[PDB]
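First the structure, in the form of structure tokens, and then the observations on it.
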Amino acid sequence: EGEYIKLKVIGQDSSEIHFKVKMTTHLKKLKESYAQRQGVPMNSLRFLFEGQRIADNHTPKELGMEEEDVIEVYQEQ
Amino acid sequence: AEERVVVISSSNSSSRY
């Protein structure tokens, strides 16, 4: 079985929530969880990896993510 | 804040509805 990697999600206010995901995980599931925990609609947010938009069906493998990589969350434009 | 780690889990004939 594949291992989880731990990603740090940083919000507009510098708060952090870490997520464990597999390399094959579609990141919509992370986005949904994050939005839930912030008490806001998922479509009000955009999630960036190294400044690039993370798609619902992006995986960490597709994005070249590794342990301790950072996702930033901004308001949708 | 305390550390927060969330585990994202992977992606029927018993059903009754």
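We name chains A, B, ... following the order of the structure tokens; residues begin at 1 in each chain, and ligands are numbered from 1 as shown.
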
Hey, which bits of chain A sit within 10 Å of chain B, and for each residue what's the closest pair of atoms and how far apart in Å (one decimal), counting only C-alpha atoms, rows by chain and increasing number, as a Markdown table?
| residue | atom | partner | partner_atom | distance |
| --- | --- | --- | --- | --- |
| A:4 | CA | B:7 | CA | 8.5 |
| A:5 | CA | B:7 | CA | 9.9 |
| A:6 | CA | B:5 | CA | 8.2 |
| A:7 | CA | B:5 | CA | 9.2 |
| A:8 | CA | B:5 | CA | 9.0 |
| A:15 | CA | B:1 | CA | 8.1 |
| A:16 | CA | B:4 | CA | 7.6 |
| A:17 | CA | B:4 | CA | 5.4 |
| A:18 | CA | B:5 | CA | 4.6 |
| A:19 | CA | B:6 | CA | 4.7 |
| A:20 | CA | B:7 | CA | 4.7 |
| A:21 | CA | B:8 | CA | 5.5 |
| A:22 | CA | B:10 | CA | 8.1 |
| A:24 | CA | B:10 | CA | 8.8 |
| A:25 | CA | B:10 | CA | 6.8 |
| A:26 | CA | B:11 | CA | 8.3 |
| A:27 | CA | B:8 | CA | 9.3 |
| A:29 | CA | B:8 | CA | 7.0 |
| A:30 | CA | B:8 | CA | 6.7 |
| A:33 | CA | B:8 | CA | 8.3 |
| A:34 | CA | B:6 | CA | 9.2 |

Could you take the residues named above and write them with N, CA and C atoms, as a short mmCIF file (atom, residue, chain, number, x, y, z; two decimals), in the first residue's frame?
data_model
loop_
_atom_site.label_atom_id
_atom_site.label_comp_id
_atom_site.auth_asym_id
_atom_site.auth_seq_id
_atom_site.Cartn_x
_atom_site.Cartn_y
_atom_site.Cartn_z
N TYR A 4 0.62 7.78 3.10
CA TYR A 4 0.14 9.16 3.15
C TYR A 4 1.33 10.14 3.10
N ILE A 5 1.12 11.28 2.44
CA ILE A 5 1.98 12.44 2.62
C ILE A 5 1.17 13.48 3.36
N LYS A 6 1.87 14.34 4.11
CA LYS A 6 1.24 15.32 4.95
C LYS A 6 1.45 16.69 4.32
N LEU A 7 0.36 17.35 3.98
CA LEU A 7 0.38 18.65 3.33
C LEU A 7 -0.08 19.70 4.32
N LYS A 8 0.51 20.89 4.27
CA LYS A 8 0.10 21.99 5.13
C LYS A 8 -0.76 22.95 4.33
N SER A 15 -3.50 30.74 9.54
CA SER A 15 -3.79 29.50 10.24
C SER A 15 -3.40 28.32 9.36
N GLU A 16 -3.18 27.17 9.98
CA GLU A 16 -2.76 25.97 9.26
C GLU A 16 -3.60 24.78 9.64
N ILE A 17 -4.00 24.00 8.66
CA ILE A 17 -4.54 22.66 8.89
C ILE A 17 -3.73 21.73 8.01
N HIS A 18 -3.24 20.64 8.59
CA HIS A 18 -2.48 19.65 7.85
C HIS A 18 -3.41 18.53 7.42
N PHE A 19 -3.17 18.01 6.22
CA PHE A 19 -3.95 16.92 5.68
C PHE A 19 -3.05 15.80 5.25
N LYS A 20 -3.42 14.58 5.61
CA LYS A 20 -2.77 13.40 5.08
C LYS A 20 -3.59 12.86 3.91
N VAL A 21 -2.91 12.69 2.79
CA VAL A 21 -3.53 12.24 1.56
C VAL A 21 -2.60 11.24 0.89
N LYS A 22 -3.13 10.33 0.08
CA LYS A 22 -2.28 9.45 -0.71
C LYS A 22 -1.93 10.13 -2.03
N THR A 24 -2.49 9.26 -4.89
CA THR A 24 -3.59 9.07 -5.84
C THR A 24 -4.91 9.78 -5.46
N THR A 25 -4.92 10.46 -4.33
CA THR A 25 -6.12 11.11 -3.81
C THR A 25 -6.50 12.27 -4.70
N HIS A 26 -7.76 12.34 -5.12
CA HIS A 26 -8.24 13.53 -5.81
C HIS A 26 -8.43 14.65 -4.80
N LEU A 27 -7.82 15.79 -5.06
CA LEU A 27 -7.74 16.81 -4.02
C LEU A 27 -9.05 17.56 -3.74
N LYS A 29 -11.36 16.24 -2.33
CA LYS A 29 -11.73 15.76 -1.00
C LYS A 29 -11.07 16.58 0.09
N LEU A 30 -9.84 17.02 -0.15
CA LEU A 30 -9.16 17.92 0.76
C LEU A 30 -9.82 19.28 0.77
N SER A 33 -13.05 19.18 2.73
CA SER A 33 -12.81 19.08 4.16
C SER A 33 -12.36 20.41 4.74
N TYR A 34 -11.43 21.07 4.04
CA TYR A 34 -10.94 22.36 4.48
C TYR A 34 -12.07 23.39 4.57
#

Which neighbours of range 40-53 of chain A fall inside 6 Å, counting only C-alpha atoms, when residues of the same chain fewer than 3 positions from it are skipped, and could you give them as JSON, numbers by chain? {"A": [32, 35, 71, 72, 73, 74, 75, 76]}

So that I can check the secondary structure, give me every residue of chain A assigned alpha helix (DSSP H) by backbone DSSP, as a list in words.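 Those in chain A that DSSP calls alpha helix (DSSP H) are residues 28, 29, 30, 31, 32, 33, 34, 35, 36, 37, 38, 60, 61, 62 and 63 of chain A.
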
I'd like the interatomic distance between CA of residue 36 in chain A and CA of residue 64 in chain A, to a tenth of an Å. 25.6 Å
